[PDB]
Amino acid sequence: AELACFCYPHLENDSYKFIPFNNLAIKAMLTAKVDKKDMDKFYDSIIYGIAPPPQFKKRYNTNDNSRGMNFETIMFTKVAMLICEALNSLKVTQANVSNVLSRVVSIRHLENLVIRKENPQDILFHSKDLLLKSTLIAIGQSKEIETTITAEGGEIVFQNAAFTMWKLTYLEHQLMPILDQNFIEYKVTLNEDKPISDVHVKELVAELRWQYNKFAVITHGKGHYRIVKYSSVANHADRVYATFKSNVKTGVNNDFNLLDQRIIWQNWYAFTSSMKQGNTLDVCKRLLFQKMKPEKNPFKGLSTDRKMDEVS
Amino acid sequence: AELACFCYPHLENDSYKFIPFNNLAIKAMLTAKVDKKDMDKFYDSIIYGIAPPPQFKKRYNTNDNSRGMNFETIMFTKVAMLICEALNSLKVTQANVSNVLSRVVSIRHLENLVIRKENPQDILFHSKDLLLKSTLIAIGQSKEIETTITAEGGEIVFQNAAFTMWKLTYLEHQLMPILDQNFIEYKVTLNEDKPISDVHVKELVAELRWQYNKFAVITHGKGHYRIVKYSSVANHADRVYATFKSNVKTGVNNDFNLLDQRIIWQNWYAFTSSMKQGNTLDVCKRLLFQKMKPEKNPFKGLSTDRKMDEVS
Amino acid sequence: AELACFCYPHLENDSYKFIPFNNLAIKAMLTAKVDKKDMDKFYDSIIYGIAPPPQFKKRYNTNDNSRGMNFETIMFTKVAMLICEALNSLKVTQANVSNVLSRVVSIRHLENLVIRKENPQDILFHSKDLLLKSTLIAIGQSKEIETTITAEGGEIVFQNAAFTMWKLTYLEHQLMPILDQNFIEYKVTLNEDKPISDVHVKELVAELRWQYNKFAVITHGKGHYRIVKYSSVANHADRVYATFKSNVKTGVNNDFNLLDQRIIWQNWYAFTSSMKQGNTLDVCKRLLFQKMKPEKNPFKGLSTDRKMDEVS
Amino acid sequence: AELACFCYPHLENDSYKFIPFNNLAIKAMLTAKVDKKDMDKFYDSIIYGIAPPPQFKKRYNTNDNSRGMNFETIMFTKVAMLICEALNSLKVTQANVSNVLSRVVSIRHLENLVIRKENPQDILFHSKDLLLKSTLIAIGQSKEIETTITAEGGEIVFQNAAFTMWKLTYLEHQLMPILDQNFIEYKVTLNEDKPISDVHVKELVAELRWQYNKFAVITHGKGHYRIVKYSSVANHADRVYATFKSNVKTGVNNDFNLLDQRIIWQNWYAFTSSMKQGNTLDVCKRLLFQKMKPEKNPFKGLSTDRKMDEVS
Amino acid sequence: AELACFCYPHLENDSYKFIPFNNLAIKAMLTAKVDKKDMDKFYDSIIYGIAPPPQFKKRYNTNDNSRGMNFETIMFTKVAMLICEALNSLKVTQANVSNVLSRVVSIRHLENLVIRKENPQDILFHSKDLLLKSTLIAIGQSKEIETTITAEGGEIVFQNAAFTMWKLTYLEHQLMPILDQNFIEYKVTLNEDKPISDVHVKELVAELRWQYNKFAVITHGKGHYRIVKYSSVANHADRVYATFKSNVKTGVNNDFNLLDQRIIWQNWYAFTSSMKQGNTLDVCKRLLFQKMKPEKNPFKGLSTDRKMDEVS
Ligand SMILES: [Cl-]
Ligand SMILES: [Cl-]
Ligand SMILES: [Cl-]
Ligand SMILES: [Cl-]
Ligand SMILES: [Cl-]
Ligand code: NA
């Protein structure tokens, strides 16, 4: 959803402050009769303060909508506040305010950051610097790459010197949970920006082959691995191409990190490489469904080793 | 119930302070044997402080009474405090204290204000000024008219630039809930920001005809619309007439605002107009039960009437 | 779903007997690996008897399917038995068996018949003749029209000499409930095959206008009225045209009863008339969205009468 | 309610057989549009058999009515069957059928009889003769007086050679419970129709004065004592007088048994005596509220004896 | 129990400070092996501080004892603190220190004072002086008579200018509840220890005769009325005489206030009068069981007046 679904701008001095919507203001807006010309304008609930532009009605869950967010939960407020705190640190100017608020982001990523931030065990709880950096990355206001330290979060299920693997517990989210109960997804973030040894790569690949054999190892080009069911790959390709195409259109920074060819699923590496080369969706995407000549396996015997390890 | 059911006066210098009753003081009063001459006097429970005059026993729910209020709930205390705060701002004098305390008010309206006041999302939570105004209107100590901003509240089910429609949550009340489970009633308050446009009048009437076709649009003359089941119209008629009649008997001025003839149910407009002309209840109600086709042109003859006035 | 989802044929004498599937046989079939050539063949679970052809997998709810039926409920067995009892009375021959089982029917209609049949208050409980007739109508093996006596059932919400109105309680079904919690639908069946007086029509129309103003009065041409939300009409038109088109294709009896033009929604009568006249979907369907010149209202003042009735 | 609210007559051979209504038939009738002239006729639900005449609608509890009976409970069916069994033993004639069913009876009395007859400890369980007799008395088809053996029932709280005292547990009833939670009432039936010794009368009076001092001892003239709160006495006077008047008007002999003047409350004896003498309600009632000079009581110091027994 | 069951003395400066036992110190003491010589010495649990003298073991509930107090409840600690607060205000010296802790008091009376004290509605909550007075009276360290203001507490069930009647809720107590579920007792305290008008006495007697006719009105001579079941009177007599006899033998003054003969049960008045005259238990107590010549009824017709009030 757009950042504009959570907060509205308020001019103080030369700079804009951002304020969370009250959930009852949103609720009022959803029952409102509004002229077409005012669909893109902030809404006055009268009793509960300002509400988001009515054009965003479908971002919110109601009796007849389950494709939006549960804005009446406490997590909505927590996420809104997370966003506001980050935006407030930016000193957004008159010129940029609309651009900033129109950015569409992952709400689940933000709920996960709230979960990190509120846990006294977690570094984000103790470092406002890292919390802000992590949030800025999540709301499209940073050039920095998401790494282990700034990761959205979840449950750590594997870790070595170079990598941290997280289970994304989207089924249990309050604000915008995944509704398909068969959903399972992980991400692998890089611990440091530093050359990674063959040994540490091998360790990750061995874990992925043994423990997550039914998962494709892919990436959306933003600097981390996404571990997804093979049955979901086509959808990921659609999302990835569209984002890439759009960035080419708006001339926005369209840097796409392919990541390690020894780790990424062979077909996905082919699909994304062809995409970067400037091919159309159809040329790209069909590479996903093709059985390819198995590349020179950089790490033979990995699964057998894990197997023998388990037996002993 | 009378305001004297919630608090008692204490003279301090030149004006009164009002103090809420302890619920156990009321409970003791209910078991008390009192001289007839003392039925109208505030009661000393000895252990729990002053209590309301025994003449108001029937205002309180007991084993042999379910037609009063639940004075042992926390809401009783909250409503009593709301009343006291408003009354304390008035500087009530000896000349007026009896009249003030004898004013009968809607307890449900007051519970609804407590509900608004205690919600951080609601402007009443943040504006002592508006809270006082809203309360003063509710307890009959204001010249002001209830509007959206000063409304008793409830659930907003429709809103446009000119109007806010509220569902009244009376079934869920703690202090004096409606006990008939078939109860459904709404109210429409004017936002009163700017002059009203007929665009917004048409929108309201369309919502009412389409979504609430089984409800009569009426008013009790206090400046807002009441959306009631047609099957409850006769009862509202009786209540409205009694209040009107009583104000005539006593001497209080009857300000009955008829509102918009295009919005009010035609029969209700006729009934209230006849009432305002001093007709008996029997004559007024006949209009309620009469089949009646809408008035084409209520403004026809306005100039001719002015003409004949000049001739006279 | 197809009748073939509930039972399989077994040759006894010259005639076919029909036997319900065990739900664990179906469950086994859903986990089975089957050759393309055998998708249309009955499945042998080995342990739990015969199961339906694997081509019907999507008729059954599983972890990854919510668009089918809950075949593990007792209602599945009850419906299967209802079907078998009716089919067994037919003495289906070798030639017809495949045709009979391929018929797609409403499962909810059948669950409703089970609910009627199992209620000792209901005539279907006491008359095997009427139960069989009702079931045959429901499974496409009868020329008879569904009437009040043979109705699928539900809750009676209105009745007069000529009509019976039923609420379809699909939200509460066990086998294949409607999942959209906003669903509401009724049907009006004719009590007798006998001319209906203007008075009795007027009574129905008055009820529909007063109590169900937000519902379109339509029909699928099979001899009864369907009372559906206006917001669902376009979908009904799609379903109705497809069925009509298909029947023209297979040369199947394509009799479409328009029903009473004084009762049916004006636009729906236009749409279905144009359909019968042989027009395309686009010519037909667009009549639904057009505001038409209100036809000569056969019953003026109906809503006003009900209104005045309620007030008194 | 009238007997016609529970069953309808069906002519078999020589005479009428009474058959209980299905509760869904009643439920259908409540939704039915019926011609004015047919309001007093038995209603055909089509689906669920015959229903009571629509003129009796208010006898049945619905969403908008709480003053009737809960006809969807199993007790409705049990009461109906009890009525039917009694009526079917009478061989009612054509000339009598309508009057028999028009009789208004106590539904609570009937539920109590059901409670008696279904209890294997109770004599009514083991004697169809006594059961029929008890029921015929309750439904106004007997010249017999209700005694202990044929009592409606309840809980026995006192018993001696001559009397049995019952607590009427109307609060716990399923069909038509008393809704006032403050309700308490007892009845004292005579164990047999014989002269009662002074000693056995004195024993009853002693118990009433000691254990039930806040209760008036009255009678409705049907041969037993009713023990009711003094605060309900005036209401009993209204009901009793109303019934007495009704009988005199319709030429029915009241046969009002005053009962023992040594037991009945003095003011009640005066009231009913004045009623039998033919006086107006106003004149009779005036005797209820008259602090009349005590008659000397024929049982001195009964409470003193009980006190001393308690202390020992 | 003895005050020494709740606290121990600690000399501080000129006088003793009293300190509550930890419940685990008591629990330890209950398992302790102690010399007979030390049974009357305070016990050192080592772990949980000082404990009561082992001679008081039976005052505490354990697996083999249910006749004591529940010392592990929070009410134990509250009562203990209530006692200490009162004793500490006395500046007890070596002179009286031992007699103070030996005094046996009503634990239930003390729990009731805690219940009064902790209630913001109660005057004891706001006045430390009245709280101390009330407690000092309850623990036998005051010459003042218990009145309404200083009452132990309970539920107010009647009140007039002169009296307050309390229900003792001993069944619900935590520390040492009455275990006989048949228990019911009230007390009537004087609002002021001043002469009381005949009218105000009459009001009390009328309430007692009407609402509490099965209760004997007695007193234990300490300045208030106790309303007890007639079946408990003989036991009260034994307790009262034993205390009187004991006070005589222990030099302590009796000061038995017989209270008002127009209120007290005749037999109790005779018994206690005879007691005050120095007669033996046999002579005193037999007056309880004698049917006495009725005394001139001071207020004839009280019962009739209430009856008439109830009927109207
Ligand atoms: Cl990525
Ligand atoms: Cl109003
Ligand atoms: Cl149809
Ligand atoms: Cl009687
Ligand atoms: Cl005492
Ligand atoms: Na009828």
# chains A, B, ... in the order shown; residues from 1 in each chain; ligands from 1
call {"tool": "residues_near_ligand", "arguments": {"ligand": "ligand 1", "cutoff": "12 Å", "atoms": "only C-alpha atoms and all ligand atoms", "output": "PyMOL selection string"}}
result
chain A and resi 138+145-147+151-152+186-190+217-228+236+239-240+243+255-259+264+272
call {"tool": "calpha_fit_rmsd", "arguments": {"fixed": "chain C", "moving": "chain B"}}
result
8.2 Å
call {"tool": "select_by_dssp", "arguments": {"residues": "segment 92-297 of chain A", "states": "strand (DSSP E)", "output": "PyMOL selection string"}}
result
chain A and resi 155-159+163-167+185-190+215-218+225-229
call {"tool": "write_last_selection", "arguments": {"atoms": "N, CA, C and O atoms", "output": "short mmCIF file (atom, residue, chain, number, x, y, z; two decimals), in the first residue's frame"}}
result
data_model
loop_
_atom_site.label_atom_id
_atom_site.label_comp_id
_atom_site.auth_asym_id
_atom_site.auth_seq_id
_atom_site.Cartn_x
_atom_site.Cartn_y
_atom_site.Cartn_z
N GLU A 155 11.85 -15.22 11.85
CA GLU A 155 12.51 -16.19 12.70
C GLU A 155 13.78 -16.70 12.04
O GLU A 155 13.75 -17.15 10.90
N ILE A 156 14.90 -16.60 12.74
CA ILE A 156 16.16 -17.11 12.23
C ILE A 156 16.13 -18.64 12.22
O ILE A 156 15.90 -19.26 13.26
N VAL A 157 16.35 -19.23 11.05
CA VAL A 157 16.32 -20.69 10.90
C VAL A 157 17.66 -21.25 10.44
O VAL A 157 17.86 -22.46 10.43
N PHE A 158 18.57 -20.36 10.05
CA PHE A 158 19.92 -20.77 9.70
C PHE A 158 20.83 -19.55 9.74
O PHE A 158 20.41 -18.44 9.41
N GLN A 159 22.07 -19.76 10.16
CA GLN A 159 23.03 -18.67 10.22
C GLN A 159 24.46 -19.20 10.14
O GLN A 159 24.81 -20.18 10.79
N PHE A 163 25.90 -15.48 6.12
CA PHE A 163 24.46 -15.40 5.84
C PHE A 163 23.58 -15.56 7.08
O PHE A 163 23.96 -16.21 8.05
N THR A 164 22.40 -14.96 7.02
CA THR A 164 21.36 -15.24 8.00
C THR A 164 20.06 -15.53 7.25
O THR A 164 19.63 -14.73 6.42
N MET A 165 19.46 -16.68 7.55
CA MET A 165 18.21 -17.08 6.90
C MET A 165 17.02 -16.87 7.83
O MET A 165 17.03 -17.30 8.98
N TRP A 166 15.98 -16.21 7.31
CA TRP A 166 14.81 -15.84 8.10
C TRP A 166 13.56 -16.49 7.54
O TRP A 166 13.34 -16.50 6.33
N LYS A 167 12.72 -17.02 8.43
CA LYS A 167 11.38 -17.42 8.02
C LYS A 167 10.45 -16.22 8.14
O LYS A 167 10.38 -15.58 9.19
N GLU A 185 7.62 -18.80 3.03
CA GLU A 185 8.70 -18.09 2.34
C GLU A 185 9.80 -17.71 3.32
O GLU A 185 9.53 -17.42 4.49
N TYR A 186 11.04 -17.73 2.84
CA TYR A 186 12.20 -17.32 3.61
C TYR A 186 12.99 -16.28 2.84
O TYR A 186 12.81 -16.09 1.64
N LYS A 187 13.89 -15.60 3.54
CA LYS A 187 14.86 -14.76 2.87
C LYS A 187 16.22 -14.96 3.52
O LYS A 187 16.33 -15.26 4.71
N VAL A 188 17.27 -14.83 2.71
CA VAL A 188 18.63 -14.94 3.22
C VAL A 188 19.33 -13.61 3.02
O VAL A 188 19.52 -13.16 1.89
N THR A 189 19.69 -12.97 4.12
CA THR A 189 20.37 -11.68 4.07
C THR A 189 21.87 -11.88 4.28
O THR A 189 22.29 -12.83 4.95
N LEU A 190 22.66 -10.99 3.71
CA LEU A 190 24.10 -11.02 3.88
C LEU A 190 24.49 -10.32 5.17
O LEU A 190 24.04 -9.21 5.44
N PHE A 215 12.10 -25.67 -2.62
CA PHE A 215 12.08 -24.21 -2.74
C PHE A 215 13.09 -23.72 -3.78
O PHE A 215 14.24 -24.15 -3.80
N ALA A 216 12.63 -22.81 -4.64
CA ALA A 216 13.51 -22.14 -5.58
C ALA A 216 14.26 -21.02 -4.87
O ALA A 216 13.68 -20.28 -4.08
N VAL A 217 15.55 -20.90 -5.16
CA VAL A 217 16.36 -19.83 -4.59
C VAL A 217 16.43 -18.69 -5.60
O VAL A 217 17.10 -18.80 -6.63
N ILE A 218 15.73 -17.60 -5.32
CA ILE A 218 15.65 -16.50 -6.26
C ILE A 218 16.05 -15.18 -5.62
O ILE A 218 16.57 -15.15 -4.50
N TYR A 225 18.58 -12.98 -0.97
CA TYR A 225 17.94 -14.15 -1.56
C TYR A 225 16.53 -14.34 -1.02
O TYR A 225 16.26 -14.09 0.15
N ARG A 226 15.64 -14.79 -1.89
CA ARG A 226 14.28 -15.12 -1.49
C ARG A 226 14.05 -16.59 -1.76
O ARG A 226 14.30 -17.07 -2.87
N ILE A 227 13.62 -17.32 -0.74
CA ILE A 227 13.44 -18.76 -0.83
C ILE A 227 11.95 -19.03 -0.97
O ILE A 227 11.20 -18.90 -0.01
N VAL A 228 11.52 -19.41 -2.17
CA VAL A 228 10.10 -19.50 -2.47
C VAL A 228 9.74 -20.85 -3.06
O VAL A 228 10.56 -21.50 -3.70
N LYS A 229 8.50 -21.28 -2.83
CA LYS A 229 8.02 -22.52 -3.43
C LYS A 229 8.15 -22.44 -4.94
O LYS A 229 7.86 -21.40 -5.53
#
call {"tool": "residues_around", "arguments": {"residues": "segment 69-72 of chain E", "least_positions_apart": "4", "cutoff": "12 Å", "atoms": "only C-alpha atoms", "output": "number ranges by chain"}}
result
E: 1-2, 5-6, 20-27, 30, 51-52, 56-63, 65, 76-80, 106-108, 111, 173-179
call {"tool": "write_last_selection", "arguments": {"atoms": "N, CA, C and O atoms", "output": "short mmCIF file (atom, residue, chain, number, x, y, z; two decimals), in the first residue's frame"}}
result
data_model
loop_
_atom_site.label_atom_id
_atom_site.label_comp_id
_atom_site.auth_asym_id
_atom_site.auth_seq_id
_atom_site.Cartn_x
_atom_site.Cartn_y
_atom_site.Cartn_z
N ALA E 1 -9.89 -15.21 67.71
CA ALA E 1 -8.58 -15.67 68.13
C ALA E 1 -7.83 -14.59 68.90
O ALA E 1 -8.27 -13.44 68.97
N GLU E 2 -6.70 -14.97 69.49
CA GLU E 2 -5.86 -14.02 70.22
C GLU E 2 -5.17 -13.08 69.25
O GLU E 2 -4.84 -13.48 68.13
N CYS E 5 -2.01 -14.09 67.50
CA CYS E 5 -2.03 -14.94 66.31
C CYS E 5 -1.70 -14.14 65.06
O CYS E 5 -1.47 -14.72 63.99
N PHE E 6 -1.67 -12.82 65.18
CA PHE E 6 -1.49 -11.95 64.03
C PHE E 6 -0.19 -11.15 64.04
O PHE E 6 0.32 -10.78 62.98
N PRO E 20 3.41 -7.67 61.91
CA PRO E 20 2.63 -8.81 61.41
C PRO E 20 3.51 -10.01 61.09
O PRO E 20 4.63 -9.85 60.62
N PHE E 21 2.99 -11.21 61.33
CA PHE E 21 3.69 -12.43 60.96
C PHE E 21 3.66 -12.64 59.45
O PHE E 21 2.66 -12.33 58.80
N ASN E 22 4.74 -13.17 58.89
CA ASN E 22 4.72 -13.71 57.54
C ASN E 22 4.00 -15.05 57.59
O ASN E 22 4.17 -15.81 58.54
N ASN E 23 3.19 -15.36 56.58
CA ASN E 23 2.41 -16.60 56.61
C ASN E 23 3.29 -17.85 56.51
O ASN E 23 2.91 -18.92 56.98
N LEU E 24 4.46 -17.70 55.90
CA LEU E 24 5.40 -18.81 55.79
C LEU E 24 6.15 -19.06 57.10
O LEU E 24 6.65 -20.16 57.35
N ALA E 25 6.22 -18.04 57.95
CA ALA E 25 6.78 -18.21 59.28
C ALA E 25 5.82 -19.06 60.12
O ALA E 25 6.25 -19.94 60.87
N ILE E 26 4.53 -18.78 59.99
CA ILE E 26 3.50 -19.57 60.66
C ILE E 26 3.52 -21.01 60.16
O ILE E 26 3.48 -21.96 60.94
N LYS E 27 3.60 -21.17 58.84
CA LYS E 27 3.63 -22.49 58.22
C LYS E 27 4.82 -23.31 58.74
O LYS E 27 4.69 -24.51 59.01
N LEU E 30 4.25 -24.48 62.29
CA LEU E 30 3.31 -25.60 62.33
C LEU E 30 3.98 -26.96 62.13
O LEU E 30 3.41 -27.99 62.47
N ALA E 51 7.40 -16.10 64.33
CA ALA E 51 6.10 -16.76 64.20
C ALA E 51 5.38 -16.76 65.54
O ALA E 51 6.00 -16.54 66.58
N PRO E 52 4.06 -17.01 65.53
CA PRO E 52 3.30 -17.04 66.79
C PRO E 52 3.73 -18.19 67.69
O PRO E 52 4.29 -19.18 67.21
N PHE E 56 -0.68 -21.84 69.90
CA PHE E 56 -1.81 -21.35 69.12
C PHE E 56 -2.02 -22.13 67.81
O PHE E 56 -2.77 -21.69 66.94
N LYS E 57 -1.36 -23.28 67.70
CA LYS E 57 -1.41 -24.08 66.47
C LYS E 57 -2.83 -24.32 65.94
O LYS E 57 -3.05 -24.29 64.73
N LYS E 58 -3.77 -24.57 66.84
CA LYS E 58 -5.13 -24.92 66.42
C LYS E 58 -5.93 -23.73 65.90
O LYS E 58 -7.05 -23.89 65.42
N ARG E 59 -5.35 -22.54 65.99
CA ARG E 59 -5.99 -21.35 65.45
C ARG E 59 -5.80 -21.25 63.94
O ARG E 59 -6.38 -20.39 63.29
N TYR E 60 -4.97 -22.14 63.39
CA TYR E 60 -4.62 -22.08 61.98
C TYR E 60 -5.07 -23.32 61.21
O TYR E 60 -4.80 -24.45 61.62
N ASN E 61 -5.74 -23.10 60.08
CA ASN E 61 -6.20 -24.20 59.25
C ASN E 61 -5.05 -24.96 58.59
O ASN E 61 -4.13 -24.35 58.05
N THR E 62 -5.12 -26.28 58.67
CA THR E 62 -4.13 -27.16 58.06
C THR E 62 -4.87 -28.38 57.53
O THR E 62 -6.10 -28.43 57.55
N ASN E 63 -4.12 -29.38 57.06
CA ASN E 63 -4.73 -30.60 56.54
C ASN E 63 -5.61 -31.30 57.57
O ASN E 63 -6.65 -31.87 57.23
N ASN E 65 -6.94 -29.75 60.29
CA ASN E 65 -7.70 -28.75 61.04
C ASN E 65 -8.42 -27.75 60.15
O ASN E 65 -7.79 -27.04 59.36
N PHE E 76 -5.45 -12.35 55.72
CA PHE E 76 -4.70 -12.53 56.96
C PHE E 76 -3.76 -11.36 57.18
O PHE E 76 -3.73 -10.76 58.25
N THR E 77 -2.99 -11.05 56.15
CA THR E 77 -2.04 -9.95 56.21
C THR E 77 -2.73 -8.61 56.42
O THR E 77 -2.26 -7.77 57.19
N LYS E 78 -3.86 -8.40 55.75
CA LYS E 78 -4.61 -7.16 55.89
C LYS E 78 -5.12 -6.98 57.32
O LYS E 78 -4.96 -5.92 57.92
N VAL E 79 -5.73 -8.04 57.86
CA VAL E 79 -6.22 -8.01 59.23
C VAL E 79 -5.07 -7.75 60.20
O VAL E 79 -5.19 -6.97 61.15
N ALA E 80 -3.94 -8.41 59.95
CA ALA E 80 -2.76 -8.25 60.79
C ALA E 80 -2.29 -6.80 60.80
O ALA E 80 -1.96 -6.25 61.85
N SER E 106 -13.08 -11.12 67.65
CA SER E 106 -13.74 -11.64 66.46
C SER E 106 -12.93 -11.31 65.22
O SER E 106 -12.82 -10.15 64.82
N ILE E 107 -12.38 -12.35 64.61
CA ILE E 107 -11.62 -12.23 63.37
C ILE E 107 -12.51 -11.73 62.24
O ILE E 107 -12.08 -10.95 61.39
N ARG E 108 -13.76 -12.18 62.25
CA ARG E 108 -14.71 -11.80 61.21
C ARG E 108 -15.03 -10.32 61.29
O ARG E 108 -15.15 -9.65 60.26
N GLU E 111 -12.14 -8.62 59.59
CA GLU E 111 -12.19 -8.71 58.13
C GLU E 111 -13.18 -7.70 57.57
O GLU E 111 -12.93 -7.06 56.55
N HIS E 173 -16.57 -14.55 53.70
CA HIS E 173 -15.27 -14.11 54.21
C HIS E 173 -14.13 -15.02 53.75
O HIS E 173 -14.32 -16.21 53.51
N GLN E 174 -12.93 -14.44 53.65
CA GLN E 174 -11.75 -15.19 53.24
C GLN E 174 -10.98 -15.76 54.43
O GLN E 174 -10.54 -16.91 54.40
N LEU E 175 -10.82 -14.97 55.48
CA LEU E 175 -9.98 -15.35 56.60
C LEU E 175 -10.60 -16.45 57.47
O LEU E 175 -9.99 -17.50 57.68
N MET E 176 -11.80 -16.22 57.97
CA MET E 176 -12.48 -17.24 58.77
C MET E 176 -13.98 -17.19 58.58
O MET E 176 -14.72 -16.77 59.48
N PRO E 177 -14.45 -17.61 57.40
CA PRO E 177 -15.89 -17.60 57.11
C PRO E 177 -16.66 -18.59 57.97
O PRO E 177 -16.10 -19.58 58.45
N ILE E 178 -17.94 -18.30 58.19
CA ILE E 178 -18.86 -19.27 58.76
C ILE E 178 -19.04 -20.38 57.73
O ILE E 178 -19.21 -20.10 56.54
N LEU E 179 -18.99 -21.63 58.18
CA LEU E 179 -19.02 -22.75 57.25
C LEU E 179 -20.43 -23.33 57.06
O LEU E 179 -20.73 -23.91 56.01
#
call {"tool": "atom_distance", "arguments": {"atom1": "atom CA of residue 273 of chain E", "atom2": "atom CA of residue 312 of chain D"}}
result
20.1 Å
call {"tool": "closest_atom_pairs", "arguments": {"of": "chain D", "to": "chain C", "cutoff": "7 Å", "atoms": "only C-alpha atoms", "output": "CSV"}}
result
residue,atom,partner,partner_atom,distance
D:22,CA,C:121,CA,6.0
D:28,CA,C:156,CA,6.1
D:31,CA,C:158,CA,5.0
D:32,CA,C:159,CA,4.6
D:33,CA,C:160,CA,5.1
D:34,CA,C:160,CA,6.7
D:46,CA,C:149,CA,6.9
D:47,CA,C:122,CA,5.8
D:48,CA,C:122,CA,5.1
call {"tool": "atom_distance", "arguments": {"atom1": "atom CA of residue 98 of chain C", "atom2": "atom CA of residue 113 of chain C"}}
result
24.0 Å
call {"tool": "residues_around", "arguments": {"residues": "residue 16 of chain C", "least_positions_apart": "2", "cutoff": "12 Å", "atoms": "only C-alpha atoms", "output": "list in words"}}
result
residues 7, 8, 9, 10, 11, 12, 13, 14, 18, 19, 84, 85, 87, 88, 89, 90, 91, 92, 93, 94, 95, 96, 97, 98, 100 and 101 of chain C
call {"tool": "atom_distance", "arguments": {"atom1": "atom CA of residue 307 of chain E", "atom2": "atom CA of residue 109 of chain D"}}
result
28.5 Å
call {"tool": "select_by_dssp", "arguments": {"residues": "segment 37-201 of chain B", "states": "alpha helix (DSSP H)", "output": "number ranges by chain"}}
result
B: 74-88, 97-102, 107-117, 123-126, 128-138, 198-201
call {"tool": "residues_near_ligand", "arguments": {"ligand": "ligand 6", "cutoff": "8 Å", "atoms": "only C-alpha atoms and all ligand atoms", "output": "list in words"}}
result
residues 34, 35, 38, 39, 40, 41, 42, 43, 44, 52, 53 and 54 of chain D
call {"tool": "residues_around", "arguments": {"residues": "segment 282-288 of chain D", "least_positions_apart": "3", "cutoff": "10 Å", "atoms": "only C-alpha atoms", "output": "list in words"}}
result
residues 233, 234, 237, 238, 241, 265, 266, 267, 268, 269, 270, 271, 272, 273, 274, 275, 276, 277, 278, 279, 291 and 292 of chain D; 308, 311 and 312 of chain E
